[PDB]
Amino acid sequence: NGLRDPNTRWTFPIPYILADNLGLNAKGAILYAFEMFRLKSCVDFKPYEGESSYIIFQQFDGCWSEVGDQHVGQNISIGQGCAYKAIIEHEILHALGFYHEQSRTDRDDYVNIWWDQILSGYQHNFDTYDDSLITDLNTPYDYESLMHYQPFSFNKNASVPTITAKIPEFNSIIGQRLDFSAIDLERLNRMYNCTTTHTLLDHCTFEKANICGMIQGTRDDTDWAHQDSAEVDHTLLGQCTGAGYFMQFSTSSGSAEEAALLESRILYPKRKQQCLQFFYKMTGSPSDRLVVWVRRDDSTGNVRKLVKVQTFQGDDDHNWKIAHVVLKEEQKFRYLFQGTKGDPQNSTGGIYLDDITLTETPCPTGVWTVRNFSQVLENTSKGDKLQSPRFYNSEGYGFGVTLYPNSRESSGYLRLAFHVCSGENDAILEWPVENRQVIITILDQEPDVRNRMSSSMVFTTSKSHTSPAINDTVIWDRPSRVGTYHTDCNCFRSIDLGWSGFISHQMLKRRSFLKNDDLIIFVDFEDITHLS
Amino acid sequence: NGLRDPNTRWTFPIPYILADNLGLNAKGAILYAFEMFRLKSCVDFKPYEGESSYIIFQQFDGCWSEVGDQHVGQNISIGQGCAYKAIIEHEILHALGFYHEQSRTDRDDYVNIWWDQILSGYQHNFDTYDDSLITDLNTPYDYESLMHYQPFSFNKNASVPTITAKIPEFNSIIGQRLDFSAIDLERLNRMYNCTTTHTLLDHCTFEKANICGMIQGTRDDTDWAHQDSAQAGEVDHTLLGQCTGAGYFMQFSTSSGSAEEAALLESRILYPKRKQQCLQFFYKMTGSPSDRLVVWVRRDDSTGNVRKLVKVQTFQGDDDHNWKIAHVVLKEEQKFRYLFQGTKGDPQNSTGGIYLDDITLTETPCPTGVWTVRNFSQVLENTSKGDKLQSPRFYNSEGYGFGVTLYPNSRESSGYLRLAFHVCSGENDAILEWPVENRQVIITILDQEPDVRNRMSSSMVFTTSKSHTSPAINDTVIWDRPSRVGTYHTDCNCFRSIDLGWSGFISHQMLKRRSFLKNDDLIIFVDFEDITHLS
Ligand SMILES: *[C@@H]1O[C@H](CO[C@@H]2O[C@@H](C)[C@@H](O)[C@@H](O)[C@@H]2O)[C@@H](O[C@@H]2O[C@H](CO)[C@@H](O[C@@H]3O[C@H](CO)[C@@H](O)[C@H](O)[C@@H]3O)[C@H](O)[C@H]2NC(C)=O)[C@H](O)[C@H]1NC(C)=O
Ligand SMILES: *[C@@H]1O[C@H](CO[C@@H]2O[C@@H](C)[C@@H](O)[C@@H](O)[C@@H]2O)[C@@H](O[C@@H]2O[C@H](CO)[C@@H](O[C@@H]3O[C@H](CO)[C@@H](O)[C@H](O)[C@@H]3O)[C@H](O)[C@H]2NC(C)=O)[C@H](O)[C@H]1NC(C)=O
Ligand SMILES: *[C@@H]1O[C@H](CO)[C@@H](O[C@@H]2O[C@H](CO)[C@@H](O[C@@H]3O[C@H](CO)[C@@H](O)[C@H](O)[C@H]3NC(C)=O)[C@H](O)[C@H]2NC(C)=O)[C@H](O)[C@H]1NC(C)=O
Ligand SMILES: *[C@@H]1O[C@H](CO)[C@@H](O[C@@H]2O[C@H](CO)[C@@H](O)[C@H](O)[C@H]2NC(C)=O)[C@H](O)[C@H]1NC(C)=O
Ligand SMILES: *[C@@H]1O[C@H](CO)[C@@H](O[C@@H]2O[C@H](CO)[C@@H](O)[C@H](O)[C@H]2NC(C)=O)[C@H](O)[C@H]1NC(C)=O
Ligand SMILES: *[C@@H]1O[C@H](CO)[C@@H](O[C@@H]2O[C@H](CO)[C@@H](O)[C@H](O)[C@H]2NC(C)=O)[C@H](O)[C@H]1NC(C)=O
Ligand SMILES: *[C@@H]1O[C@H](CO)[C@@H](O[C@@H]2O[C@H](CO)[C@@H](O)[C@H](O)[C@H]2NC(C)=O)[C@H](O)[C@H]1NC(C)=O
Ligand SMILES: O=C(CCN(Cc1ccc2c(c1)OCO2)Cc1ccc2c(c1)OCO2)NO
Ligand SMILES: O=C(CCN(Cc1ccc2c(c1)OCO2)Cc1ccc2c(c1)OCO2)NO
Ligand SMILES: *[C@@H]1O[C@H](CO)[C@@H](O)[C@H](O)[C@H]1NC(C)=O
Ligand SMILES: *[C@@H]1O[C@H](CO)[C@@H](O)[C@H](O)[C@H]1NC(C)=O
Ligand SMILES: [Ca+2]
Ligand SMILES: [Ca+2]
Ligand SMILES: [Ca+2]
Ligand SMILES: [Ca+2]
Ligand SMILES: [Zn+2]
Ligand SMILES: [Zn+2]
């Protein structure tokens, strides 16, 4: 589906303008979509500085873009309801030189277009272009392509689909709005020669003979073991013996205060802040400690300087846990895991590691894990709720999320809603909390970020958000006077806002959103007033 | 004592070379002395990159410098036994253009020189120069100067002084080795036109009604009171009731109202020149154990608008109701404001509140470990010779545990305090390198003044070494792992190493001077940091 002409290609970075007719939320969502290009490709973006060709983003009616670099400059439109990661990703892919997936020259072998049922003025979104205009890039028809339309796209009658696959099962798949597909990234790579990315710096499932270039120090008491899953890893959940590998550190024998270091390869950063994401178990004593360290360049070039960054200790949950550690490395470094034995006479177990990822991105502000989700989803009635632990953002605001496993508002869908929690800082924070962008994300447990298609939704807190339940006062005002008391956290929690129909039960049982029968949700609550 | 010819003046930053015949300890001590110049003056230093005049620091015999800029480049010698802040500062003051204070043209009015006592070849250190060579910079003769010799300097006979003050009280005062005097800084500023300094960013004693430009918002519930010290049993830290109608502190009361009521006190906007700052202040918490003092930043949101909050640290009240010192690390690289939130907890269980005085903000690290010894005059009476006190265990950035030993009445040196450093066992020791090979220790007794230009804090420096060994441990390195070389203590569950330090760190008579014992308590700072990157 790529425009054949080699003259129609951008030279990176793409220069851009965000027009002031975009709201704060749309500005934020475009800047968020840019980070997905930088994480999964070598496409990059810069502010406009007098270049010949550029993108300007505007709030015109609907979502649309020109195709390819048009060398005078061009518009992307992000209309009302178009401010979403996936939809902005769809439009920037047009500007990069892509047509829709149904616009391939071979598409008639794969789909039906029901021509009578398209709304007038939209028929060109269902046209096909001849092989002089477009190229296959040696790739098949990707029904999961972000550039494909959903069945009910610009239809006359809501009961009748405009587009269907010639095999009916794919009607459940066509027109996903999660993320870039694997073949969409492969096509974008094949068009622009990217193979590296700007912000994926390391990843390790431990399934290599060199263990991803990790090493172990002599200046410790013991070693971590490369463990055969023959007690199962996180990458494959024990699908076969010797297929999934992990690092294990036993704590059931020896002295207390014995330890082992696992050190990464040396890493060269391109940004000032990194996020280390990893999965772990702690089945041993409550006094065992998994400690994360950095060993960094001393400014001579010798990577020999230790810094302790975080400590983890064992509760009564012995299942796999996700961990996020903020690093702040600006010179070459190695990240380190120290496992420490404590009370071996009261440990029947140890420390486990798998599925490490390192990105040059922020770590998520709040993480909620809901266990046994496929059982919770049957045990919970329509409109019954789960509520998160309270989270604090960088500004000190308390927040949380409400999850309704069965939405009364849309059957066969999940409903996620954000709320503000009362917290220890409230007495000095500004109220109502507005111009704060909420990004809720349901993670794809893929340890490689080029494979992930995480669901995400975005909104910005506004003075327009009001409810009759609080006498038409702002939902985001101080929780002690616009919220209700909960014994689970001793909080007041606001009225909750978000999406009925966030993700379907038929989507959630796919793409590893439930990899160990558990759901992981990321929440960012951050001020975007500086985009005004 | 300054050189009169303006062609002898430097252009800043002064380019320098640290020669490899300096050991690590000496190189690290020189860089520490440059920080003291950047903290108290506008003098600055850069690594050499091919300039015409520069200073090369080397280890030769004795400790010496040429006087003023020699336009082709010049040596400073830093010999064995001269890796000390005050000695390095004294040599740098020679290179900047100063002679000794006993070399002033008027010196005969203030001191006697005993020439027949001077060791051969050292007598030129005692020469006086004429008013055509040297300026007084319109300053009086300073007995407390860093450029003045001690009585027993280059003397043939250990019992007989080479130099004495004409008024005998000053024989106990001449030859101080603390820091720059107030007059030495005034001379350096007059010679080089300094007004600002590179590293002092703010300070506040609250003595003016303007409260150093601090403001109080209305997004909080209440206000901090600017409180007068005219109440019995409550005073400020700056003057401690010495001075009627004079000493002010901020007070936030917690004995009435609702719980979780708060007040914000907020600084003026600050433009940091570095990436890291240290906020030092003094406080009391006489209220409920549930009261909080919280330090915050409000920083530029990248639009030029200072409206972005970050919480930095929290403080809570134990059973000590006297003034406590606090240090907070800030890492600001754009314009910002530092903020104090006082918070009420349990007003039905409070008869007091939160107190603030003596704020200082510098573009430096914070001290790695801080020890306060309370009632020090009474400790100094009630402790026998060679009995000891030991600090809580500190941890450095690399995760090594360390502490300090204080012997208030030193047996080895009568009329002196002995202060020493040890490595503590700690939770990281299993993965750290042993023995410590090249970590510099800096120990400082704080002269308690809120303006850093008024402080003469006593400091000592050494570097941990393979050569530090004891017969008590079969001639093994003192800095090997504390569980194999140290003795167990019930006081912290640590093993503490053999200590290394200075009998004669400071005299009892020096300690009862200036602001070393301000509220009858002693404050010791410690830093313990790797200098291998200078090799
Ligand atoms: C020994 O370690 C156990 C936990 O370790 C587990 O059991 C060992 C025998 C080994 O098999 C280990 O591999 C295994 O991980 C400690 O027991 C724990 O004690 C804590 C503190 O009392 C308990 O937490 C409390 O739980 C109660 C409810 O039961 C709550 O009301 C409290 O608020 C609090 O959360 C914890 O539940 C308990 N866990 C278990 C599984 O027993 C034990 O204390 C420790 N003993 C020694 C000698 O240190
Ligand atoms: C009420 O607050 C007091 C302390 O506050 C003081 O007294 C109030 C009536 C007011 O006049 C305040 O202005 C004043 O500051 C609390 O008492 C303290 O409780 C702590 C914690 O239990 C005690 O610390 C312990 O001390 C024992 C030894 O005695 C140690 O073994 C423990 O490890 C621990 O350190 C502290 O001694 C005690 N102090 C006093 C003065 O009694 C009191 O708990 C609090 N009550 C309520 C309702 O919160
Ligand atoms: C602090 O500021 C002072 C001025 O307020 C400086 O003093 C000036 O130094 C100049 C040299 O840098 C002098 O100029 C010289 O004057 C002599 C005669 O005195 C002439 O022979 C020289 O040719 C001439 N040189 C130049 C370069 O012009 C100024 O006369 C002198 N002014 C005063 C009032 O003394 C200090 O040097 C300065 N200190 C530092 C180092 O910052
Ligand atoms: C984006 O579309 C706008 C119209 O909505 C374009 O603005 C017009 O540009 C033409 C050609 O320069 C002018 O004749 C019109 O007067 C403009 N109209 C308005 C409303 O400004 C804009 O040029 C497009 N962006 C680019 C660079 O392609
Ligand atoms: C949309 O299509 C549906 C399905 O064809 C239409 O529903 C039918 O309406 C006719 C009358 O027009 C009835 O005779 C059928 O029984 C209905 N079928 C069903 C399944 O309901 C509907 O009328 C159409 N609506 C529009 C907008 O034309
Ligand atoms: C500063 O020290 C250096 C290193 O010692 C001196 O360089 C040599 O010094 C020796 C001993 O005085 C002389 O024999 C050599 O002829 C010197 N070589 C040169 C000229 O580099 C240097 O002379 C000293 N003096 C200064 C101020 O540079
Ligand atoms: C240093 O000076 C002292 C004091 O003058 C000397 O001590 C005297 O020594 C002489 C003999 O040489 C005795 O007769 C005196 O009684 C001593 N006086 C005192 C007060 O002890 C000392 O010998 C000198 N030492 C040196 C290095 O010459
Ligand atoms: O065709 C268009 C329209 C924009 N958009 C297409 C689309 C977006 C993401 C996709 C996708 C298809 O399939 C995979 O993921 C659909 C759309 C969404 C919200 C709207 C809206 C239209 O109108 C206002 O609110 N422009 O390019
Ligand atoms: O005169 C000299 C000598 C250097 N130094 C002078 C001096 C230093 C700091 C001062 C001070 C005087 O009075 C206030 O503070 C004395 C000295 C110290 C240690 C030594 C040593 C000599 O020899 C080896 O070990 N050069 O300039
Ligand atoms: C999940 O189900 C398992 C049994 O399959 C049970 O042992 C475990 O306690 C459950 N965990 C939660 C959090 O419900
Ligand atoms: C100092 O002495 C006073 C009594 O004069 C006592 O109340 C206080 O606790 C002492 N402080 C310490 C810990 O030395
Ligand atoms: Ca694995
Ligand atoms: Ca090892
Ligand atoms: Ca106020
Ligand atoms: Ca004061
Ligand atoms: Zn499209
Ligand atoms: Zn000198």
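Reading the values: the criteria
Residues numbered from 1 in each chain as written, not as in the entry; some residues may be left out. Chains lettered and ligands numbered in written order. Part of a larger assembly, values for the part shown. Heavy atoms only, no water. Residues with missing side-chain atoms left out of burial classes, pairs and counts. Patch = residues over 30% accessible without salt bridge, like charges linked within 9 Å, V, L, I, M, F, W, Y side chains within 5 Å. Areas by Shrake-Rupley, 256 points an atom, 1.4 Å probe, with all protein chains shown as cover. Salt bridge = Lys/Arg side-chain N within 4 Å of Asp/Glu carboxyl O. Helix = DSSP H or I, 4+ residues; strand = E, 2+ residues; numbered from the N terminus. Donors = N, O, S within 2.8 Å, 3.2 Å for Na, K, Ca; no water. Near = heavy atom within 4 Å. Polar contact = N/O pair within 3.5 Å; in protein donor to acceptor, adjacent residues only side chain to side chain. Buried < 20%, exposed > 50% of the residue type's maximum accessible area, 1.4 Å probe, protein only. Arc of directions from axis to C-beta. Domains from an automatic or database assignment. Contact = heavy atoms within 4.5 Å. Buried area = accessible area lost by both parts, 1.4 Å probe. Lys, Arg positive; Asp, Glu negative; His and termini not counted. Nonpolar A, V, L, I, M, F, W, Y, C, P; charged D, E, K, R; others polar. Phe/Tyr/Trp six-rings, centres within 6.5 Å; stacked < 30°, edge-to-face > 60°. UniProt positions renumbered as here; feature names shortened; annotations may be inferred. Pairing = 2+ DSSP bridges.

Structure determination for the deposited model, as stated in its record, used cryo-EM, and the stated resolution is 2.4 Å.

**Q** Even after reading the chapter, I still don't get a nonpolar patch on the surface, so can you show me in this structure?
**A** Taken together, the side chains of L119, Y122 and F154 of chain A present a nonpolar region at the surface, about 240 Å² in accessible area. Residue placement: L119 of chain A occurs in the loop between strand 7 (111–113) and strand 8 (134–135).

**Q** What am I meant to see in the coordination of the calcium ion (ligand 14) here?
**A** For a metal with four tetrahedral donors the ideal donor-metal-donor angle is 109.5 degrees, while six octahedral donors give ideal angles of 90 or 180 degrees. The coordination sphere of the calcium ion (ligand 14), as far as protein atoms go, consists of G217 of chain B (O), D220 of chain B (OD), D220 of chain B (OD), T222 of chain B (O) and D223 of chain B (OD), spread over 2.3 to 2.5 Å. All donor residues of the calcium ion (ligand 14) come from one chain, and their arrangement in sequence is G-x2-D-x1-T-D.

**Q** Please explain the site of ligand 3 as it appears in this structure.
**A** Residue and element names in this part refer to chain B. In the region of ligand 3, the neighbouring residues are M191, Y192 and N193. Taking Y192, its main chain carries an N or O atom lying 3.2 Å from an oxygen atom of ligand 3. Between ligand 3 and the protein, one listed contact pairs an oxygen atom with a side-chain N or O atom of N193 at 2.4 Å. Notes on ligand 3: free accessible area 790 Å², of which the protein chains cover 21%.

**Q** So what exactly am I meant to see when it comes to helix 3 (residues 182–192) of chain B here?
**A** Residue pairs spaced three or four apart in an α-helix point in one direction, given the helix's 3.6 residues per turn. Residue and element names in this part refer to chain B. Listed as buried for helix 3 are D184, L185, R187, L188, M191 and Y192. In a view along the axis of helix 3, the buried residues occupy a sector of 160 degrees, so they form one face of it. One side-chain oxygen of the residue at the start of helix 3 lies 3.3 Å from the amide nitrogen of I183, identifying that residue as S181. Directly after helix 3, the chain includes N193, whose backbone phi takes a positive value near 55 degrees.

**Q** Looking at this structure, how should I read the domain arrangement of chain B?
**A** Many authors give the size of an interface as the accessible area that is lost as the parts come together. Residue and element names in this part refer to chain B. The domain boundaries assigned to chain B delineate domain 1 (1–198), domain 2 (199–368) and domain 3 (369–535). If you average the C-alpha positions of domain 1 and of domain 2, the two centres end up 39 Å apart. In this assembly, 4 residues from domain 1 lie in contact with 5 residues from domain 2. Both sides of the domain 1 and domain 2 interface together cover about 450 Å² of buried area, and 55% of this is carbon and sulfur. Of all residues in domain 1, the largest losses of buried area upon contact with domain 2 belong to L39, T197 and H198, amounting jointly to 76% of the total for that side. Inspection of the domain 1/domain 2 interface yields 0 salt bridges.

**Q** Please explain the side chain of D69 of chain A as it appears in this structure.
**A** Residue and element names in this part refer to chain A. With respect to the helices and strands, the residue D69 is situated in the loop between strand 5 (63–65) and strand 6 (74–78). For the buried residue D69, which engages in no salt bridge, the nearest side chain bearing the opposite charge is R9, 9.5 Å off. Among residues more than four places away in sequence, those in contact with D69 are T8, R9, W10, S53, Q74 and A95.

**Q** Sorry if this is basic, but what is going on with the site of ligand 9 here?
**A** Residues and elements named next belong to chain B. Taken together, 16 residues form the shell around ligand 9, and within it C63, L146, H148, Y149 and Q176 come nearest. Between ligand 9 and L146 there is a distance of 3.3 Å, counted from an oxygen atom to a backbone nitrogen or oxygen. Within the complex, 81% of the 570 Å² of free accessible area of ligand 9 lies under protein. Split by residue class, the shell around ligand 9 holds 6 nonpolar, 8 polar and 2 charged.

**Q** Quick question: what am I supposed to make of the packing of aromatic side chains here?
**A** The description of two aromatic rings rests on the distance between their centres and on the angle between their planes. Residue and element names in this part refer to chain A. Taken as a whole and assessed by the stated rule, the structure comprises 75 aromatic pairs over all chains. Taken together, a centroid distance of 4.8 Å and an interplanar angle of 65 degrees make the contact between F37 and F180 edge-to-face. Within this pair, whereas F37 is found in helix 1 (residues 24–40), its partner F180 is found in the loop between strand 9 (163–165) and helix 3 (182–192), the two being separated by 143 residues in sequence. Here the two residues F37 and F180 agree in accessibility, since each one is buried. Relative to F525, the ring of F399 has its centre 5.6 Å away and its plane inclined at 55 degrees; by these criteria the two rings are tilted.

**Q** Help me understand the UniProt feature "active site" in chain B in this model?
**A** Residue and element names in this part refer to chain B. UniProt annotation of "active site" refers to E91 when read in the numbering used here. Tracing the backbone through its elements, the reader meets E91 in helix 2 (residues 85–96). Those residues in contact with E91 that lie beyond four places of it in its chain are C63, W64, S65, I76 and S77.

**Q** Help me understand the UniProt feature "active site" in chain A, please; the structure alone is not making it clear to me.
**A** All names here are of chain A. Sites flagged by UniProt as "active site" map to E91. If you trace the backbone, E91 turns up in helix 2 (residues 85–95). Taking relative accessible area as the criterion, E91 reaches 4% and is therefore assigned buried. Discounting residues that sit within four places of it in the chain, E91 has contacts with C63, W64, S65, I76 and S77.

**Q** So what exactly am I meant to see when it comes to the pairing of strand 25 (residues 439–445) of chain B here?
**A** Side-chain direction in a regular strand flips from residue to residue, so the side chains alternate between the two faces of the sheet. Residues and elements named next belong to chain B. Here strand 25 lies mainly inside the structure; 7 of its 7 residues are buried. Burial along strand 25 is two-sided: the face carrying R439, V441, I443 and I445 and the face carrying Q440, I442 and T444 are both buried. In this structure, strand 25 lies alongside strand 32 (residues 522–530), joined through 7 bridges in antiparallel fashion. Bridging from a neighbouring strand, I443 pairs with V526 of strand 32.

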